């Protein structure tokens, strides 16, 4: 009766920036998924492929929990077949995604008078991300044809942009903490059942 360490993910003091999104692998434990979906504490709880309704009657080989912070208006982008700054440059879900997306407003935690700039997102990139790809690079983005020499200037931009999270922002600009649950099924021991 080994319980899956979900509190360490959902109740973490600080979440990761979306460009450097955390992944925690979940293995050899019992997961009570119904507690999360029947808690009435999240603003978004959407599952693709699997059903949130009492499908903690299934076994999975490994479960991955991806967590990060984005603004409220960018929460649509955490979904299959979406475009935008987050979906193309920071966190990309596959078309055949099988899992759940969980989000809740965290204005009380990630906002600060004068602005909380702890959270970043990637604003420029040469190409879009593959599904479940992470890019933490800080290479100066070369918008023009003149090399940047590792410093920002004309047509040379630092690729990461910070959120300015203030408690007085509108809901669309307020911080939201997101947890993405991936349910992997391999030809393998299937160690995460969770009655």
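Numbering follows the first chain given and starts at 1.
Check your understanding: Averaging C-alpha B-factors over each stretch, which comes out higher, 54 to 62 or 147 to 155?
Key -> Per the PDB entry, the higher value belongs to 54 to 62.
Point to revise | 121 to 129 versus 90 to 98 - which carries the larger mean C-alpha B factor in the record | key: Per the PDB entry, the higher value belongs to 90 to 98.
Review point. According to the deposited entry, which of 136, 140, 40, 70 has the largest Cα B-factor?
Key: In this record, 40 carries the highest C-alpha B-factor of the candidates.
Review point. Whose C-alpha has the highest temperature factor in the PDB entry: 9, 181, 185, 178?
Key: Among 9, 181, 185, 178, the highest C-alpha B-factor in the entry belongs to 185.
Check your understanding: Mind checking which third residue 165 falls in for C-alpha B-factor across the chain?
Key -> Tercile = lowest for this residue's CA B-factor.
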